[PDB]
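Laid out below as structure tokens are two forms of one and the same protein chain, each shown alone and named structure 1 and structure 2.
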Structure 1
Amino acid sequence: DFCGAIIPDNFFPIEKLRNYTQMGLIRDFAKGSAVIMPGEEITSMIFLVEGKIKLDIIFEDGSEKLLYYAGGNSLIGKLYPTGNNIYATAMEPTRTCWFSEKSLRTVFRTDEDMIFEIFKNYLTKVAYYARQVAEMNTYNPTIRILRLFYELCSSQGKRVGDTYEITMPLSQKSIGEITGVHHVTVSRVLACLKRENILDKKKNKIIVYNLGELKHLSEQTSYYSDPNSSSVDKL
């Protein structure tokens, strides 16, 4: 829902995991205690029996941002290392049950259904964050710039061996004014395109060395024009 633009809370609760706490390790955390300490490597699924946990991510510049909140019957799915520094705080008296991989095998040997509850929990999280990323990058500025380039090359691109040449004086200023992107991003992107041998934007000529890549990165979409969309279902 639209609620999830505002509140990241209560992902797919698994009440029934409550019945299997004897196969895990119960751990209690006071208000303000760290369930996951900054830099701690977690290798357990953490079931939230009773209480409230705030779960945040810590970036390499020291900044922290919220990922989500968890309450009764929530599951933190951090069975393996991820590459994200996470920290999590008990915001009230909190009882958890930690499930190691070994302990999970034991649960699923007794109850196969729990495999699929956990899958639903994971899927719910993927669906939510992937959707947010896509919404928030609908107007990604880099892609705006790349799409400009690709479009100019497709109409005005003159082939010259392996390359295409576009004969016009398109300034960086003009690029930023057309796309609506700040000058700093324009330069960065233009520097990337050149050092990677995709495209070099000179003062009165644009050269495209790797149209195929440029096209790739520009993220062309076409469902609505493509014949696939001529019926609701597959052929």
Structure 2
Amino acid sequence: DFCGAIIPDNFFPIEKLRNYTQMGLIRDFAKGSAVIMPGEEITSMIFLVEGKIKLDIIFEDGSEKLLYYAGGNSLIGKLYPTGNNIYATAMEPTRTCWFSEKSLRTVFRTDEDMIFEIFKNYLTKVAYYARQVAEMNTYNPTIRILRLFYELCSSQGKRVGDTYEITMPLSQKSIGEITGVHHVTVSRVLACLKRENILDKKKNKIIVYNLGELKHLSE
């Protein structure tokens, strides 16, 4: 039920939509191709059967920002017009299933539970972005990075000996995209955390040596 998200990646997946894909339209996308073209008006939920999509917002002046990443069993909830210009691209070969409003009616008539999984998915997203705005108005850049690593360890940290391991690739670029923080500050904070023997943000893994001090510093 739990509709929390720490990072804007794989928001509340709904594997069970796989059972309904013959009610929608299968559309495939080569690596680097546009799932949602800039300016295109989308009026379908887009279910990600397999692959990976990066979904950005583009402003009036052409400026572009990450909204989220999506992988297998993710849902793009763009059933109605929103006034935002979205650009979504396939990061690898990607199979999607596009569900119109009418096709969704057929889904819910078959399985009423699908309704509530989609509410979960929407709610996850609201809670994540609403919190993020508030947090950006409350904590400074270094604090946001520390709060991110703390929350991530608290959530996903697996006790390996005297440490917690977070088994994920989280690049410096992505931490910047997520936190809004510029690259030099991201570099500097990561480097201190490692020099202070607190955490070591590696390529394929984050090792937290001293979670109590990360928590303390995040405050």
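Shifts are known only where both forms have a C-alpha. Rigid core: the largest C-alpha set superposing within 1.5 Å between the two forms. Residue numbering: structure 1 sequence, from 1.
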Completion exercise
Rigid parts turn between structures 1 and 2; the listed option from 138, 102, 83, 155 at their hinge is 138
Exercise for the section: Would you kindly give the rotation angle of the smaller rigid part between structures 1 and 2, in degrees? Expected result: 177
Problem - Once the two forms are fitted on their core, CA shift of residue 183 between structures 1 and 2 in Å - result: 25.8
Fill in the blank from the handout: Rigid core fixed, the Cα of residue 61 shifts between structures 1 and 2, in Å, by 1.1
Handout entry: Angstrom shift of the Cα atom of residue 21 between structures 1 and 2 (superposition on rigid core)
Key = 0.3
Exercise for the section: Determine the segments between structures 1 and 2 made of three or more consecutive residues whose Cα atoms all move at least 2 Å, using the rigid core for the superposition and only residues common to both forms. Expected result: 1-7, 138-219
